[PDB]
Amino acid sequence: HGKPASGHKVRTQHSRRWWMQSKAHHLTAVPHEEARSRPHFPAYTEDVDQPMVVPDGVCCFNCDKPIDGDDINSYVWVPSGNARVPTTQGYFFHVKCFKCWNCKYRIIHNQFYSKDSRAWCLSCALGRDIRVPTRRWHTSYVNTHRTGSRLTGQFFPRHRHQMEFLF
Amino acid sequence: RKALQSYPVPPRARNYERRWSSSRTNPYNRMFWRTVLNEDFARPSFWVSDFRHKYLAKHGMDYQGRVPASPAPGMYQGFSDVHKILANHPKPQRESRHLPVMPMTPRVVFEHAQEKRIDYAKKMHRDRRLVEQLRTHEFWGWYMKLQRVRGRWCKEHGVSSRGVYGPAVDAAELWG
Amino acid sequence: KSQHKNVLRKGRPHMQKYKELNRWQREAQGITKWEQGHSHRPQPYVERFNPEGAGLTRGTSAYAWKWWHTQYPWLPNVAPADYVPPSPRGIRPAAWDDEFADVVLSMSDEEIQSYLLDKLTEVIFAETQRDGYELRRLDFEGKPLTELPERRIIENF
Amino acid sequence: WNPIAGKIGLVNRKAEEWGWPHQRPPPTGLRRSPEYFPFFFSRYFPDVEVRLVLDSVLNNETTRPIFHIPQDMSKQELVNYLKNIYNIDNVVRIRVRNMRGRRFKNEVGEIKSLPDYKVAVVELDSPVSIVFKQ
Amino acid sequence: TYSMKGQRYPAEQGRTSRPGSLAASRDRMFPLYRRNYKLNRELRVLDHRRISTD
Amino acid sequence: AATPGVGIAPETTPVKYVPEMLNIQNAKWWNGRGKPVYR
Amino acid sequence: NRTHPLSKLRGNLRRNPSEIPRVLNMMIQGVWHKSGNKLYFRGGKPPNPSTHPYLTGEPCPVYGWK
Amino acid sequence: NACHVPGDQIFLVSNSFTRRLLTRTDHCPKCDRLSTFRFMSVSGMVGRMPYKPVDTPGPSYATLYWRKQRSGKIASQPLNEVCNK
Amino acid sequence: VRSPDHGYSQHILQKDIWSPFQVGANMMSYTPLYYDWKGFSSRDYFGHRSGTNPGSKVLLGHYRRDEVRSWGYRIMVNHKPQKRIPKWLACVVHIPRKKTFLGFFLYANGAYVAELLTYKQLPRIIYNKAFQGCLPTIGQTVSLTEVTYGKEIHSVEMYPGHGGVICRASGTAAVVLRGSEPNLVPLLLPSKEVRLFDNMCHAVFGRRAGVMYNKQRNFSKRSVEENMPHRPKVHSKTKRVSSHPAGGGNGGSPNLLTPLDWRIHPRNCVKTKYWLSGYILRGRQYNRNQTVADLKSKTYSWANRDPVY
Amino acid sequence: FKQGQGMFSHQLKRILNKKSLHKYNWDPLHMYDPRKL
RNA sequence: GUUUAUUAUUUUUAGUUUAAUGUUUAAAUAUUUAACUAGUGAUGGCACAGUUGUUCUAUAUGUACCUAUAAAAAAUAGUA
RNA sequence: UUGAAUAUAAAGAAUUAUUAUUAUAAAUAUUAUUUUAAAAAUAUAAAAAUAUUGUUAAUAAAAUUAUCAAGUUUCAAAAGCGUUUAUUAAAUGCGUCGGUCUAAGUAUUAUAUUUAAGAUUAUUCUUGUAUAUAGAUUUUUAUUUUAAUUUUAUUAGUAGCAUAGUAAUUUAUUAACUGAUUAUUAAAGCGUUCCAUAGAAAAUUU
Ligand SMILES: [Zn+2]
Ligand SMILES: [Zn+2]
Ligand SMILES: [Zn+2]
């Protein structure tokens with residue numbers, strides 16, 4: 001009868017049922033229990049298999065104006081893992097074309113809804129109607145040039161690259 | 001502590017409490033899923049959710065259509081700080097037909113003062129590289145003049161720059 | 001708790017508040033600290049009000065932001081503060097004319113309020129009521145006990 | 001600046017406006033009138049010190065000669081002033097600061113702070129200059 | 001350069017007219033540090049013009 | 001925030017507890033702000 | 001806005017004991033408008049309301065001042 | 001271990017050029033000009049860590065798969081040489 | 001529809017009362033019916049959070065907070081339905097904090113304003129019209145003359161023409177009692193106290209609404225108890241003996257003999273009736289022990305009102 | 001962590017001792033206007 | 001950031017239930033660290049003041065010992 | 001500036017100190033304050049064979065790691081997830097229940113409390129406060145408050161349970177002042193009891 005039966009939740013994060021609920025299920029192979037745990041994602045996704053460069057036939061999804069090739073971070077390049085369909089790589093948007101098309105304000109929490117090749121705000125694109133945010137109206141909080149999208153998607157061992165141990 | 005009603009826009013990060021909880025960042029991405037998923041969460045924002053109660057009475061039906069946003073001109077004319085008896089929308093208008101104009105509340109003007117100081121920041125960085133794309137870009141262009149003028153000089157003066165030995169130690173292509 | 005990090009202070013510091021100024025206004029006036037003669041209560045704000053609130057007695061929608069929730073419904077109807085009393089002046093409607101004026105003016109303003117109430121109960125419970133609804137309670141068989149409505153139903157109509 | 005009104009400062013005002021303990025006051029109608037002497041000594045005998053700084057108008061040509069004007073000369077008065085007193089007829093923009101008068105410690109030791117003034121960088125059309133022969 | 005909150009060293013501020021040296025203003029000793037308030041306003045502050053609605 | 005220190009008397013008898021009821025000395029020269037009003 | 005005696009215009013430079021608490025809070029605090037820019041007093045040398053040029057007229061939207 | 005606007009390279013970084021590590025400027029051979037490189041991943045260390053073998057940090061599971069493509073399956077060209085001169 | 005009221009039960013204990021027909025929140029906040037105000041918390045004159053002085057009926061319950069939320073749904077309620085002009089139940093709105101149901105009635109001369117919603121009412125039906133009978137239709141607002149003995153009525157008005165005050169809470173009903181008085185009708189208020197209501201008073205026929213509130217509404221969620229936010233109600237026996245006479249005691253002291261909130265609330269002592277109306281016949285104390293039915297049997301006259309109280 | 005030890009708190013404790021102007025404004029006879037007699 | 005079918009719910013979590021150092025110390029509470037962390041119900045518009053406010057109650061706090069500060073006394077101290 | 005007026009660099013911990021003051025806004029400036037030739041302690045630990053708790057009141061919630069930084073399992077005791085100046089069977093909180101209230105708020109309601117949800121049940125009996133009361137006291141127990149000393153029935157019981165103790169038995173350990181089990185007269189637990197029980201504190205195994 002160790003007495004202080006109500007406690008601090010002292011030992012969470014030191015468990016094996018935890019070690020399986022801390023992983024991330026990203027787009028890699030990394031069978032499981034081998035992905036990173038605390039930050040949830042490995043830094044520096046190496047992509048030597050496919051070079052992951054910005055294309056030349058690139059254009060804004062929302063606006064459609066051609067986008068500067070790579071000399072700049074004026075474009076928000078969302079590579080949705082392996083995308084292919086939006087462009088050779090994923091959706092492309094100049095930082096100022098990254099607003100909801102239908103309601104015309106920012107995409108709150110940056111989750112957008114590609115409505116027929118014009119990014120729509122999830123809430124409007126979902127039917128809801130509350131149509132003005134508080135902080136910054138016509139410009140999202142997003143990072144530029146995939147720098148905010150590299151928390152997820154295609155870490156180094158995409159696919160079964162067993163070429164490494166085989167003869 | 002600098003009551004939030006003083007800040008032009010209410011602050012982004014909102015510190016709370018909780019002696020037994022230590023984390024600066026407010027947990028967004030949870031305040032987002034609720035609200036997007038549940039319609040009721042956010043008060044109807046009277047107009048877009050009035051205009052029923054005025055269609056039902058005058059038409060005998062549920063409106064059964066998407067309500068127009070941007071409240072009609074003439075609604076909420078006695079209200080002064082609507083901002084809640086609405087969405088964060090502006091006070092709609094007078095009961096006029098003049099082109100819509102934002103009533104320049106102290107808030108709207110501040111947003112103008114952001115979207116100019118956003119264009120200001122993205123402009124001081126966009127060209128700090130544009131000139132960093134000359135300094136290092138032209139330093140290399142000049143450095144190769146150096147290795148050329150060193151390349152020319154190191155042939156007449158014959159300094160092979162490959163050790164005390166003659167090239168006969170090189171031709172082996174060993175270490176030596 | 002044995003660690004007071006004291007860094008959670010220092011964020012968003014308070015205004016300076018220069019309390020010597022109110023300390024001065026006391027002396028630069030006859031009054032002491034306003035001893036509990038008031039001591040206070042939290043005064044209302046303009047936001048929490050709802051003008052166009054279908055209460056408010058319809059004269060006060062600005063003066064009623066102040067006044068408690070318990071006292072603004074009762075604030076009384078007074079006037080636009082520029083409306084002058086009904087004045088027994090001689091300006092008769094442009095085309096009402098005499099014969100009608102000579103008759104109507106004979107009736108006094110209880111001799112005409114009375115006529116109006118009868119006519120209005122007659123206008124309602126007439127084309128207005130007999131056209132669809134019914135406005136007088138019916139008996140066993142369903143016969144309209146009273147001739148015309150009761151004076152209350154008309155009042156709230 | 002101390003906002004609180006002092007009693008004496010009104011009394012010292014009267015004794016020079018009209019001989020206070022001895023000469024009875026002028027009727028309040030005259031005092032509300034532009035014919036009251038300090039409003040009459042002003043509308044006809046102004047008292048201003050629009051001093052010119054020369055360090056900006058010396059041998060180096062300038063389109064923006066700088067002045068100092070008393071703190072209570074607004075812009076459009078500095079126009080009226082140079083126009084009707086110094087014949088200056090080309091002033092498109094005036095640019096006005098306000099400077100805390102110079103301070104220092106005299107050899108004795110009291111901090112003897114000069115009065116404050118108002119830099120007003122006028123901008124003439126055709127530049128002006130001053131020659132200094134040595 | 002711009003109208004921003006900043007920290008200046010005191011010698012940088014330049015001293016009053018000393019017996020040893022004239023009044024050395026913060027500008028005439030550091031010319032390229034004089035703030036350019038045209039360049040501030042043009043870039044950083046919101047002009048009456050851009051929001052003039054009536 | 002404030003305090004009268006006297007404690008609000010009944011709305012009918014507006015004054016109980018004058019400071020004299022306690023044999024108090026309040027000369028203008030003794031504690032300064034003294035001299036009472038019922039006087 | 002100090003004003004000239006003759007000028008019918010009314011300014012808020014009062015010196016009544018009931019009004020000096022706010023006339024200092026203009027000279028030392030300054031106003032932080034809810035639009036983000038600090039008003040009447042924004043820097044070091046606090047203004048001298050009694051050495052202002054007199055209030056010449058109310059502002060208009062179209063021009064500056066009527 | 002460094003890429004490009006469109007290409008790659010490889011290089012072991014010292015301590016002295018730790019500044020240029022994240023994003024370097026270099027002659028991109030799939031072009032003829034200097035172009036900004038990035039740091040797609042690590043490929044070891046520039047020296048030993050105390051008390052540790054030659055490959056203390058180890059290049060990667062990743063930068064190896066980049067190597068196993070460059071050297072890797074050269075079976076297209078053991079012709080013209082294998083390792084000789 | 002099954003059971004126009006449901007114990008929806010999101011979590012096995014958390015049972016909130018959803019009603020099919022309930023208007024979605026969008027069709028709730030109506031502009032010229034929405035009142036907002038700060039409620040004083042429990043602060044009364046001089047801040048000073050405090051109840052009411054013993055003798056008064058103006059409540060500032062000490063334990064009250066967040067009475068008006070500020071962006072909570074708050075539409076005002078009619079309480080004065082008009083006598084026999086047909087209604088038209090447009091929708092049925094359900095506010096959690098004001099537990100009442102209330103549905104918007106068109107009322108047939110344009111007045112899209114009427115709320116109190118009697119039990120078994122359906123939306124999009126006309127209500128205030130009588131059938132062949134006197135006025136015996138659910139929802140019909142009936143003068144107390146038109147009711148017969150033994151049938152429930154809700155939102156009875158205490159003084160005729162002064163708005164419905166009695167029996168407004170959900171599922172409640174004042175039962176008529178067939179009194180003998182000349183021009184008065186006694187109603188068995190739900191508090192088991194009978195009251196000589198004037199017969200010309202107006203009541204809305206039927207039960208009140210939203211049955212299954214009496215029980216079956218249980219939050220048990222920290223977020224969901226913000227339908228009723230109130231201050232903490234501390235033990236009176238852990239209150240710094242300098243402060244509250246029940247205090248200290250090195251362990252669990254049971255409590256003092258005579259309980260007291262701050263002044264006194266001894267268990268059945270403090271009964272705070274101080275003025276009884278001329279209409280009151282038997283207070284809840286005079287009936288508290290008999291039954292519900294035995295009070296429905298007798299005929300009530302002025303001689304039944306006990307000359308001493 | 002108080003705030004404002006600076007000079008404005010060094011004047012506002014010295015200039016406010018200046019005694020404002022006193023004018024014995026005696027009570028206004030609102031309800032009994034004397035000049036309408 | 002994230003686990004789960006779930007808008008509830010596991011939880012990235014760099015300022016806070018632990019431990020070391022520090023012990024007139026860089027600190028009249030800081031460095032490193034364990035823990036915890038999801039607040040549509042709250043560091044915060046102004047509001048309550050000293051026989052008293054406030055108290056999810058610990059006789060806790062109401063400006064860096066709540067014995068509030070500040071102010072005015074000649075309280076008593078020969079009864080080791 | 002084309003606005004009249006107005007004013008634009010600097011804090012707080014006693015300091016030029018621990019110290020990004022996070023209101024905002026993004027994202028490669030080759031922006032620029034840290035003495036020095038040793039071993040003791042000590043702050044501290046890179047490195048490294050065996051051993052795995054024999055250390056100790058007690059190992060295991062105890063910095064970072066590219067060698068990518070995570071112990072598993074059983075049993076007993078233990079509620080809510082909020083909240084606290086020596087931080088918890090502290091005090092909150094939903095429900096039920098008791099009492100109060102139909103001339104300021106809706107008697108399936110809101111005041112005023114006692115408990116604690118969930119699941120089983122909730123026992124025997126009264127001397128005083130309260131209520132009712134009849135000039136008052138004195139008298140007087142439908143419900144409530146507090147009580148039950150042999151209340152002690154249910155129920156768990158050597159338990160945070162006044163000593164008696166390391167309780168006697170059983171296990172467990174080489175060694176059992178541990179802990180768990182059986183029952184069971186427990187110095188005077190006891191129906192708000194008891195069960196169920198998850199991250200806590202113990203006891204094993206590992
Ligand atoms: Zn674009
Ligand atoms: Zn949108
Ligand atoms: Zn390239």
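Structural notes, computed from the coordinates.

### Observations regarding the overall build of chain J
Reasoning step 1: Helix and strand content of chain J: one helix and zero strands.
Reasoning step 2: When its C-alpha atoms are laid out on the principal axes, chain J stretches across 60 × 20 × 10 Å.
Reasoning step 3: Each of the 37 residues in chain J was classed as buried or not, and the buried ones make up 8%.

### Quick notes on the overall build of chain C
Reasoning step 1: A tally of regular secondary structure across chain C gives five helices and zero strands.
Reasoning step 2: The linear arrangement of helices and strands in chain C, starting from the amino end, is α-α-α-α-α.
Reasoning step 3: Burial status across chain C gives 20% buried among its 157 residues.
Reasoning step 4: Within chain C, contacts between residues at least 6 apart in sequence are counted, and of these 21% link residues at least 24 apart.
Reasoning step 5: Counting only carbon and sulfur atoms, one obtains 56% of the accessible surface of chain C, whose full area is about 12400 Å².
Reasoning step 6: In chain C, which carries 23 positive and 23 negative side-chain charges, the distance between the mean positions of the two groups comes to 27 Å.

### Some thoughts on the protein's contact with RNA strand K
Reasoning step 1: In the region of RNA strand K, 80 residues are neighbours, and A:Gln21, B:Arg14, B:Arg18, B:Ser21 and B:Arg24 sit closest.
Reasoning step 2: Across the atoms of RNA strand K situated within 4 Å of the protein, the share located in sugar and phosphate is 55%.
Reasoning step 3: Contacts to RNA strand K include F:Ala2, whose backbone N or O atom sits 2.9 Å from a phosphate oxygen.
Reasoning step 4: Separating a phosphate oxygen of RNA strand K from a backbone N or O atom of I:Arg49 is a distance of 3.0 Å.
Reasoning step 5: Class assignment for the residues of the surface near RNA strand K results in 25 nonpolar, 29 polar and 26 charged.

### Structural notes on the arrangement of the chains
Reasoning step 1: The structure contains 18 pairs of chains in contact, of which chains C and I account for the largest number of contacts.
Reasoning step 2: Spatially, chain D and chain H are disjoint, and the shortest separation between their C-alpha atoms is 46 Å.
Reasoning step 3: You won't find any contact between chain A and chain I; their C-alpha atoms come no closer than 10 Å.

### Some points on the protein's contact with RNA strand L
Reasoning step 1: Residues in contact with RNA strand L amount to 152 residues; listed here are only the nearest, A:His8, A:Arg136, B:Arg12, B:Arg19 and I:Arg267.
Reasoning step 2: Elements supplying a minimum of two residues to the surface near RNA strand L: α1 (16-21) of chain A, α5 (117-130) and α6 (132-156) of chain B, β3 (91-96) of chain D, α2 (37-44) of chain E together with β8 (164-166) and α1 (284-287) of chain I.
Reasoning step 3: The residue inventory of the surface near RNA strand L, partitioned by class, reads 46 nonpolar, 52 polar and 54 charged.

### Describing the state of the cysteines
All names here are of chain A.
Reasoning step 1: On inspection of all chains with the given rule, the structure shows three disulfides over all chains.
Reasoning step 2: Bridging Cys100 to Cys121, the disulfide has an S-S length of 2.4 Å. Pair noted here: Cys100 is in the loop between β2 (92-94) and β3 (112-115) and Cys121 is in strand β4 (residues 118-121), with a separation of 21 residues, a long-range link.
Reasoning step 3: A residue is classified by how much of its surface remains accessible, and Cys100, at 0% relative accessible area, is buried.

### A word on the nonpolar core
All names here are of chain I.
Reasoning step 1: Ranked by size, the top nonpolar core spans 17 residues in total, and within it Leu144, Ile153, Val156, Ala174, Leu187 and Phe197 carry the most contacts.
Reasoning step 2: If you list the elements that add at least two residues to this core, you get β9 (174-176), β10 (184-188) and β12 (202-205).
Reasoning step 3: Among residues more than four places away in sequence, those in contact with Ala174 are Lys151, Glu152, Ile153, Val156, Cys167, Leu187, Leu188 and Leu189.

### As for the pattern of salt bridges
Reasoning step 1: Tallied over the full model, the rule gives 32 salt bridges over all chains.
Reasoning step 2: Taking the shortest distance from any N to any O, the salt bridge between A:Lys23 and A:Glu33 comes out at 4.0 Å. On the criterion of sequence distance, the pair formed by A:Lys23 in the loop between α1 and β1 (75-77) and A:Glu33 in the loop between α1 and β1 is long-range, its members being 10 residues apart.
Reasoning step 3: Overall, the relative accessible area of 7% leaves A:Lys23 in the buried class.
Reasoning step 4: On the basis of relative accessibility, which here comes to 25%, the residue A:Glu33 falls in the partly exposed class.
Reasoning step 5: Members of the salt-bridge network, linked through shared partners, are C:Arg137, I:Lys83, I:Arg84 and I:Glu146.

### Structural notes on the packing of helix α4 (residues 106-115) of chain B against α5(B)
Residues and elements named next belong to chain B.
Reasoning step 1: Contact pair α4 / α5: the axes reach a minimum separation of 3 Å and the direction vectors enclose 10 degrees. In terms of axis orientation, α4 runs roughly parallel to α5. Listed contacts from α5 to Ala113, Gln114 and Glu115 of α4 are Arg117, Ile118 and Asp119.
Reasoning step 2: When the residues that make up the contact of α4 with α5 are grouped by side-chain class, the tally is two nonpolar, one polar and three charged.

### Points about the side chain of C:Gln25
Reasoning step 1: Here C:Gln25 lies in helix α1 (residues 20-27).
Reasoning step 2: Among residues more than four places away in sequence, those in contact with C:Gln25 are C:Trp34, G:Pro17 and G:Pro21.

### Description of the sheet that holds β3(D)
Residues and elements named next belong to chain D.
Reasoning step 1: Read across the sheet, four strands follow the order β1-β2-β4-β3 without closing on themselves; strand pairing throughout is antiparallel. Only two strands of the sheet have a single neighbouring strand rather than two, namely β1 (51-52) and β3.
Reasoning step 2: Summarising the sheet, β3 and strand β4 (residues 118-124) pair through five bridges and their orientation is antiparallel. Each residue of the ladder has a partner; that of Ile94, found in β4, is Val122.

### Brief notes about the interface of chain C and chain I
By a widespread convention, an interface's size corresponds to the accessible area lost as its parts come together.
Reasoning step 1: Counting residues at the interface gives 26 residues for chain C, matched by 28 residues for chain I.
Reasoning step 2: Summing both partners gives a buried area of about 2500 Å² for chain C against chain I, and 54% of it is carried by carbon and sulfur.
Reasoning step 3: Its largest share of buried area at the contact with chain I, chain C owes to C:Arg41, C:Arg48 and C:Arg152, together 27% of the area lost on that side.
Reasoning step 4: In this assembly, chain C and chain I are joined by two salt bridges.
Reasoning step 5: Residues C:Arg48 and I:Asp36 are paired through a salt bridge, measuring 3.2 Å at the closest nitrogen-oxygen approach.
Reasoning step 6: Where chain C touches chain I, the interface holds nine residue pairs in polar contact.

### Notes on the packing of aromatic side chains
Reasoning step 1: One pass over the full model with this rule turns up 44 aromatic pairs over all chains.
Reasoning step 2: Ring geometry for I:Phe105 and I:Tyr127: centres 6.4 Å apart, planes at 80 degrees, overall edge-to-face. With I:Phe105 in strand β4 (residues 101-105) and I:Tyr127 in the loop between β4 and β5 (141-143), this residue pair connects regions lying 22 residues apart in the sequence. Residue I:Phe105 shares its accessibility class with I:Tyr127, and that shared class is buried.
Reasoning step 3: Feature note: the residues A:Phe61, A:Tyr91, A:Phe93, A:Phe98 and A:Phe112 constitute an aromatic cluster, connected by ring pairs.
Reasoning step 4: Lying over the aromatic face of I:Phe40, C:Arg41 brings its terminal NZ or CZ to 4.2 Å of the ring centre.
Reasoning step 5: One cation-aromatic arrangement involves I:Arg178 over I:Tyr149; the distance from NZ or CZ to the ring centre is 4.4 Å.

### A word on the pairing of strand β2 (residues 66-69) of chain D
Residues and elements named next belong to chain D.
Reasoning step 1: Inspection of the sheet shows β1 paired to β2 by two bridges, in the antiparallel sense. Looking across to β2, one finds that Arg51 is bridged to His68.
Reasoning step 2: By the bridge criterion, four bridges tie β2 to β4 in an arrangement that is antiparallel. Considered in β4, the bridge of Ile69 is made with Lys118.

### As for the side chain of H:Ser35
Reasoning step 1: Relative to the helices and strands, H:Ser35 is located in strand β2 (residues 33-36).
Reasoning step 2: Every residue in contact with H:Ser35, bar those within four places of it in the chain, is listed here: H:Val5, H:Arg24, H:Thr25, H:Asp26 and H:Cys28.

### Focus on unusual backbone geometry
Peptide bonds are mostly trans, and most non-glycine residues show a negative phi.
Reasoning step 1: A positive phi angle, near 65 degrees, is found at B:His53, a position not held by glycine.
Reasoning step 2: By secondary structure assignment, the location of B:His53 is in the loop between α2 (46-49) and α3 (55-59).

### Remarks on a positive patch on the surface
Residue and element names in this part refer to chain C.
Reasoning step 1: Together, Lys17, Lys19, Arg23 and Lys33 give the surface a local cluster of positive charge.
Reasoning step 2: Mapped onto the elements, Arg23 comes out in helix α1.
Reasoning step 3: When its relative accessible area of 53% is taken as the criterion, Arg23 is described as exposed.

### Here we look at the environment of D:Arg95
All names here are of chain D.
Reasoning step 1: Along the polypeptide, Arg95 turns up in strand β3.
Reasoning step 2: The partly exposed category is assigned to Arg95, whose relative accessible area is 29%.
Reasoning step 3: For the pair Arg95 and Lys75, spaced 20 residues apart in sequence, the C-alpha separation works out to 8.0 Å.
Reasoning step 4: Apart from residues no more than four positions distant in its own chain, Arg95 is found in contact with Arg64, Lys75, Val119, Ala120, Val121 and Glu123.

### Digging into the environment of A:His145
Reasoning step 1: With respect to the helices and strands, the residue A:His145 is situated in the segment after α2 (122-125).
Reasoning step 2: With residues near it in sequence (within four places) discarded, A:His145 still touches A:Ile72, A:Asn73, A:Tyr75, A:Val76 and A:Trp77.

Rules of the game
Residues numbered from 1 in each chain as written, not as in the entry; some residues may be left out. Chains lettered and ligands numbered in written order. Part of a larger assembly, values for the part shown. Heavy atoms only, no water. Residues with missing side-chain atoms left out of burial classes, pairs and counts. Helix = DSSP H or I, 4+ residues; strand = E, 2+ residues; numbered from the N terminus. Buried < 20%, exposed > 50% of the residue type's maximum accessible area, 1.4 Å probe, protein only. Contact = heavy atoms within 4.5 Å. Areas by Shrake-Rupley, 256 points an atom, 1.4 Å probe, with all protein chains shown as cover. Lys, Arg positive; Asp, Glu negative; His and termini not counted. Charge placed at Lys NZ, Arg CZ, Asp CG, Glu CD. Near = heavy atom within 4 Å. Polar contact = N/O pair within 3.5 Å; in protein donor to acceptor, adjacent residues only side chain to side chain. Nonpolar A, V, L, I, M, F, W, Y, C, P; charged D, E, K, R; others polar. Disulfide = S-S within 2.5 Å. Core = buried A, V, L, I, M, F, W, Y, C linked by side-chain atoms within 4.5 Å. Salt bridge = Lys/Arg side-chain N within 4 Å of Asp/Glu carboxyl O. Axes fitted to C-alpha atoms, helices over the stretch in contact; angles between N-to-C directions. Parallel < 35°, antiparallel > 145°, perpendicular 65-115°, else oblique. Pairing = 2+ DSSP bridges. Buried area = accessible area lost by both parts, 1.4 Å probe. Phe/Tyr/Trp six-rings, centres within 6.5 Å; stacked < 30°, edge-to-face > 60°. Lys NZ or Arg CZ within 6 Å of the ring centre and 35° of its normal. Patch = residues over 30% accessible without salt bridge, like charges linked within 9 Å, V, L, I, M, F, W, Y side chains within 5 Å.

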